[PDB]
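Reading through the structure tokens given below for one structure.
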Amino acid sequence: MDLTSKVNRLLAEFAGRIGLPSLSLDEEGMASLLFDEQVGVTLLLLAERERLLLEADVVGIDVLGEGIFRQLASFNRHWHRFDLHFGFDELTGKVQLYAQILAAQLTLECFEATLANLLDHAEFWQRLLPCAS
Amino acid sequence: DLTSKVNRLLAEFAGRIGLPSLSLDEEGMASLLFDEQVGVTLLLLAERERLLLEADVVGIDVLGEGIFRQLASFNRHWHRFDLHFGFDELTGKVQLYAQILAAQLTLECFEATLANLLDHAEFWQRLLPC
Amino acid sequence: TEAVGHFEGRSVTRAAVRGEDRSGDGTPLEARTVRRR
Numbered sequence: 001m002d003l004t005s006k007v008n009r010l011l012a013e014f015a016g017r018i019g020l021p022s023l024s025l026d027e028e029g030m031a032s033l034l035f036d037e038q039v040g041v042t043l044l045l046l047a048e049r050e051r052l053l054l055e056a057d058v059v060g061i062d063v064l065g066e067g068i069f070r071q072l073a074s075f076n077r078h079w080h081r082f083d084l085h086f087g088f089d090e091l092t093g094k095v096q097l098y099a100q101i102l103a104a105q106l107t108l109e110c111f112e113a114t115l116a117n118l119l120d121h122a123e124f125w126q127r128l129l130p131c132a133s
Numbered sequence: 002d003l004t005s006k007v008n009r010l011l012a013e014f015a016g017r018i019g020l021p022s023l024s025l026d027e028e029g030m031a032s033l034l035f036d037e038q039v040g041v042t043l044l045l046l047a048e049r050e051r052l053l054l055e056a057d058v059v060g061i062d063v064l065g066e067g068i069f070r071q072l073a074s075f076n077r078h079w080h081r082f083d084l085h086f087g088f089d090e091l092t093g094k095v096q097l098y099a100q101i102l103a104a105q106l107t108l109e110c111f112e113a114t115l116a117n118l119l120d121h122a123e124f125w126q127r128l129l130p131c
Numbered sequence: 017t018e019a020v021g022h023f024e025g026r027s028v029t030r031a032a033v034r035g036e037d038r039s068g069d070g071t072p073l074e075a076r077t078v079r080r081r
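Chains as they are written, first to last, in the deposited numbering: chain G, 1 to 133; chain H, 2 to 131; chain W, 17 to 39, 68 to 81.
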């Protein structure tokens, strides 16, 4: 059994738990979700490096005052304290948190825990970063 | 004795690298200088079972005022090479970070990651100022 | 009707991947020079 199907098996079980009919990876090995119609999360399977990537949209750059990218970089210096680091998508204008799961520890329990944590922080920086008040 | 393991690997590595001896200091850190241009700073976190590698790239005094945007953007794609850009406020120099868990902490994995880290560190030094 | 799920106190809907919407030579260590500082 290849890695792709191993993960597809995990996403099928995860779907059954939350109430979605089905859930699988793309031909590119991708799958996206939308939480509370606000936080978008994308799953990225890297079969080569055997690891699952998790992208999370935090906030839009239009609501952010400048000088924040510096405070985000200062965060990445201690990313190991949360296993999460910041990134940016120029095309979308969205600030993103990234989390990864090694194929060796990739289980349902670990996947849900890593996702819930990623969302916990994403929602936090989504409510904190904006300066528009 | 998780600290002695790293000292054991740093000991065996010390012979292969050419250095007389190598071990973590009282704090649990270590500083090395490669090619006289690249500098890596080992850092062992006991309770977390992690080995951090901080590689100085370039100071911010030669970059523009719109460089912080770029770094964040780079971290999106460098998320594949298991690397990312950060910054030390006190020092004042952008850095590339990488970590090795106690689970995969082997001599082979140590040199492989460090080899990859040095290549990317050098690669960026030349390109950052532009 | 669009399917809606629930995860840790959050509603969840299937989202499009929108891949089109939004988006080295290894150098051995033996060759590299070392300088403990």
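Cβ coordinates follow ideal geometry from the N, Cα and C atoms, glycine included.
Selected residue, minimal CA-CA separation from residue i, among the options
i: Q96/H; options: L128/H, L46/H and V41/H; result: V41/H
i: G65/H; options: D62/G, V63/G and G67/G; result: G67/G
i: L108/H; options: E13/H, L20/H, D2/H and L3/H; result: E13/H
i: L115/G; options: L129/G, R49/G and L53/G; result: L53/G
i: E55/G; options: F86/G, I18/G, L91/G and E112/G; result: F86/G
i: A47/H; options: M30/H, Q38/H and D57/H; result: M30/H
i: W79/H; options: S133/G, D89/G and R81/G; result: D89/G
i: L11/G; options: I61/G, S22/G and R81/G; result: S22/G
i: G60/G; options: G93/G, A113/G and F35/G; result: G93/G
i: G68/W; options: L118/H, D36/H, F111/H and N76/H; result: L118/H
i: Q38/G; options: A31/W, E18/W and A19/W; result: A31/W
i: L91/G; options: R76/W, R81/W and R38/W; result: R38/W
Cross-strand partners of residue i (DSSP beta bridge)
i: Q100/H; result: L53/H
i: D89/G; result: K94/G
i: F35/H; result: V39/H and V78/W
i: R30/W; result: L33/G
i: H22/W; result: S27/W
i: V59/H; result: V95/H
i: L45/H; result: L52/H
Residue i at chain W interface by Cβ criterion, 9 angstroms
i: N76/H; result: no
i: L20/G; result: yes
i: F69/H; result: no
i: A12/H; result: no
i: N8/H; result: no
i: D120/H; result: yes
i: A116/G; result: yes
i: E112/G; result: yes
Alpha-carbon spacing of residue i relative to residue j, whole angstroms
i: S24/H; j: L43/H; result: 10 angstroms
i: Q105/G; j: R51/G; result: 9 angstroms
i: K6/H; j: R127/G; result: 43 angstroms
i: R17/H; j: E74/W; result: 8 angstroms
i: residue 135/G; j: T4/G; result: Look at the range of chain G in this structure, 1 to 133, and you will see that residue 135/G is not part of it.
i: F69/G; j: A73/H; result: 7 angstroms
i: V58/H; j: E123/H; result: 8 angstroms
i: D36/H; j: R81/W; result: 12 angstroms
i: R9/H; j: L102/H; result: 16 angstroms
Cutoff 9 angstroms: residue i Cβ touching any chain G Cβ
i: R79/W; result: no
i: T29/W; result: yes
i: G68/W; result: no
i: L43/H; result: no
i: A104/H; result: yes
i: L3/H; result: no
Any chain H beta carbon closer than 9 angstroms to residue i
i: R17/G; result: no
i: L128/G; result: no
i: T17/W; result: no
i: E74/W; result: yes
i: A73/G; result: yes
Return the residues of the stretch 83 to 98 of chain H that lie within a Cβ-Cβ distance of less than 9 angstroms from chain G, sorted by chain order. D83, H85, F86, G87, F88, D89, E90, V95, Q96 and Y98
Using Cβ-Cβ distances below 8 angstroms, what residues of the stretch 24 to 39 of chain H are close to chain W? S32, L33, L34, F35, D36 and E37
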